[PDB]
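Below is one structure, written out as structure tokens; comments come after it.
Number of protein chains: 2
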Amino acid sequence: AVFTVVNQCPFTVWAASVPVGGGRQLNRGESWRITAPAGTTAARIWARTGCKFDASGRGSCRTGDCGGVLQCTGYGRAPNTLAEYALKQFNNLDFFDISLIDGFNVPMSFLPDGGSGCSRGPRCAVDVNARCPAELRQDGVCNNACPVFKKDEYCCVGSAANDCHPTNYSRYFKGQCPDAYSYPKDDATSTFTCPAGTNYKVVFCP
Amino acid sequence: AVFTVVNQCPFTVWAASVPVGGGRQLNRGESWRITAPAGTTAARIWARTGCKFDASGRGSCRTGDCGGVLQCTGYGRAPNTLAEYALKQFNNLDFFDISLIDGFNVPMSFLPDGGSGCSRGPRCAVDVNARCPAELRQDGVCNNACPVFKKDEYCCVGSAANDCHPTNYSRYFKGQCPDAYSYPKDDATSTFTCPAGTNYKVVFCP
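In order, the protein sequences belong to chains A and B.
The opening position of the first sequence corresponds to residue 22 in UniProt numbering, with each subsequent residue numbered one higher.
The opening position of the second sequence corresponds to residue 22 in UniProt numbering, with each subsequent residue numbered one higher.
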């Protein structure tokens with residue numbers, strides 16, 4: 022699949038992509054095109070904000086920082102809006118979603134971009150930071166309940182998935198961006214699928 | 022670079038791309054995204070009209086047929102509008118053009134599509150078939166003088182390159198589409214460069 026990442030935000034972001042791409046600085050209007058193999062799972066695409074790096078690839082970002090490295094080898098730190106995907110799994114379908122479980126930093130859209138008749142994709146284009154619950158505000162953006170409070174009801178990791186539920190905090194994210202995952206077990210309204218062979222578009226600030 | 026190829030013609034084209042890509046059936050409104058690695062040289066992308074192929078990808082095409090296969094491994098037969106490129110050769114520049122030396126079958130555009138601040142690209146969006154010279158009319162479209170007349174003055178191969186000049190036939194195509202190669206030594210007006218890292222868009226009937 023080819024992923025075109027366009028930064029339309031009025032500020033430079035540092036896009037990141039695991040396990041393909043790594044990272045790259047994008048100014049306004051710049052685009053990046055990534056080619057992911059079919060069968061790539063546990064993949065993420067997000068924007069890092071406020072960064073500084075040296076020639077040796079080390080530095081830090083205010084949001085989304087993936088361990089100092091510019092070319093990220095691993096996931097980034099909350100708060101960051103996640104475009105996430107798994108290519109060509111059951112019945113050779115691709116699976117994708119926008120996740121807000123690790124917060125929000127920039128608005129995003131993850132839509133099909135040809136290669137098939139797939140059209141429907143997730144959008145979280147509102148500025149979730151604008152009306153963020155005070156408890157959750159962090160680094161100028163909105164973080165979510167599990168990164169901020171670190172407890173079972175919000176996080177649902179491992180055994181806690183067995184009773185994972187909406188909370189007042191998940192409901193904020195869900196009201197702002199219906200399409201995106203607002204808490205761990207939000208599968209029924211956030212799973213999108215396209216035929217394998219589809220290409221995709223991720224836009225920071227749709 | 023990634024090449025996005027889209028069929029905007031009201032008829033199906035079987036797009037072709039050598040040496041990376043092969044071939045793909047694109048109905049009206051479809052697009053194919055090819056990833057050509059840096060270091061590619063002597064490559065071209067074109068459309069074949071009127072093709073009939075079976076489940077093994079074996080059959081024939083009216084224009085641009087590459088050896089009876091869908092999956093092109095070799096260059097195709099004239100008449101066919103050619104998008105030609107070479108990635109990252111001298112001083113990390115990409116080289117590209119549209120050539121009508123092997124005739125014209127569909128209208129074409131070959132533009133930068135981000136990855137750098139490159140904006141200029143060639144296009145031959147005019148219906149060259151409408152005012153085509155009678156003698157060059159072949160296979161329902163307009164072919165050019167070297168493949169029709171097989172003569173040194175039009176083909177300019179080897180020692181004939183030294184005397185290569187415009188003819189009444191190359192001037193027809195250059196009038197129609199000033200950006201494209203009308204004859205072999207038309208380099209001064211038909212060469213475009215973009216920094217390595219640029220991605221491109223080839224559109225059939227822009």
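Even for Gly, the Cβ is constructed at its ideal location relative to N, Cα and C.
Closest option to residue 124 of chain B, judged by alpha-carbon separation, among B/190, B/215, B/57 and B/29: B/190. Using a Cβ-Cβ cut-off of 8 angstroms, residue 135 of chain A counts as an interface residue toward chain B, since at least one Cβ of chain B sits closer than that to its own. The Cβ of residue 51 of chain A sits closer than 8 angstroms to at least one Cβ of chain B.
Using beta-carbon distances, residue 23 of chain A counts as an interface residue toward chain B, with a partner under 8 angstroms. Using a Cβ-Cβ cut-off of 9 angstroms, residue 56 of chain A is close to 23, 54 and 56 of chain B, given in chain order.
For residue 113 of chain A, the closest Cβ of chain B is not nearer than 8 angstroms. The closest CA to that of residue 185 of chain B, considering only B/169, B/194 and B/208, is found on B/208. Beta bridge pairing from DSSP links residue 28 of chain A with A/225. Residue 128 of chain A: not part of any alpha helix (DSSP H); DSSP gives it neither H nor E.
Residue nearest to residue 101 of chain B within the set B/95, B/88, B/122 and B/107 is B/122 (criterion: CA-CA distance). With a cutoff of 8 angstroms on beta-carbon distance, residue 68 of chain A and residue 225 of chain A are scored as near each other. Contact annotation: residue 49 of chain A and residue 103 of chain A have beta-carbon atoms that are not nearer than 8 angstroms. For residue 220 of chain A, the chain B residues whose Cβ falls inside 7 angstroms of its Cβ are 54, in order along the chain.
Annotation: residue 26 of chain B to residue 39 of chain B spans about 13 angstroms, alpha carbon to alpha carbon. Around residue 114 of chain B, the same chain offers 214 as residues with beta carbons nearer than 6 angstroms, after the five sequence neighbours per side are excluded. With a threshold of 16 other beta carbon atoms within 10 Å, residue 183 of chain A falls short and is exposed.
Per DSSP, the unbroken alpha helix (DSSP H) holding residue 208 of chain A starts and ends at 208-211. Apart from sequence neighbours up to five positions away, the residues of its chain that approach residue 150 of chain A with a beta-carbon distance below 6 angstroms are 162 and 163, ordered along the chain. Closest by C-alpha distance to residue 140 of chain B, out of B/176, B/160, B/219 and B/99, is B/219.
Of the residues B/92, B/63, B/188 and B/133, the one whose Cα lies closest to the Cα of residue 77 of chain B is B/92. For the stretch 128-195 of chain B, the full-length alpha helix (DSSP H) segments reaching 4 residues or more read 166-170 and 173-176 along the chain.
As the crow flies, the alpha-carbon of residue 83 of chain A is around 23 angstroms from that of residue 193 of chain A. When the beta-carbon positions are compared, residue 80 of chain B and residue 87 of chain B stay at least 8 angstroms from each other.
Out of A/195, A/152, A/205 and A/129, the CA that lies nearest to the CA of residue 176 of chain A is found in A/205. By DSSP's assignment, residue 106 of chain B forms a beta bridge with B/64 and B/117. Under the three-state reduction of DSSP output, residue 92 of chain B falls in the coil class, being neither helix nor strand. Taking C-beta atoms under 8 angstroms as the contact rule, residue 97 of chain B and residue 89 of chain B fail to qualify, at a distance of about 11 angstroms. Counting only residues of its own chain and dropping the five nearest sequence neighbours on each side, residue 181 of chain A has a CB closer than 8 angstroms to the CB of 173 and 174. Burial check for residue 199 of chain A: the Cβ neighbour count within 10 Å stays below 16, so the residue is exposed.
Taking the C-beta atoms as reference points, residue 142 of chain A is found nearer than 8 angstroms to residue 132 of chain A.
In summary, residue 160 of chain B is buried, with 16 or more beta-carbon neighbours lying within 10 Å of its beta-carbon over all protein chains present. Between residue 105 of chain B and residue 59 of chain B, the alpha-carbon positions lie close to 15 angstroms from each other. The residues 80 and 91, in chain order, have a CB closer than 7 angstroms to that of residue 74 of chain B in the same chain once the five nearest residues on each side in sequence are set aside.
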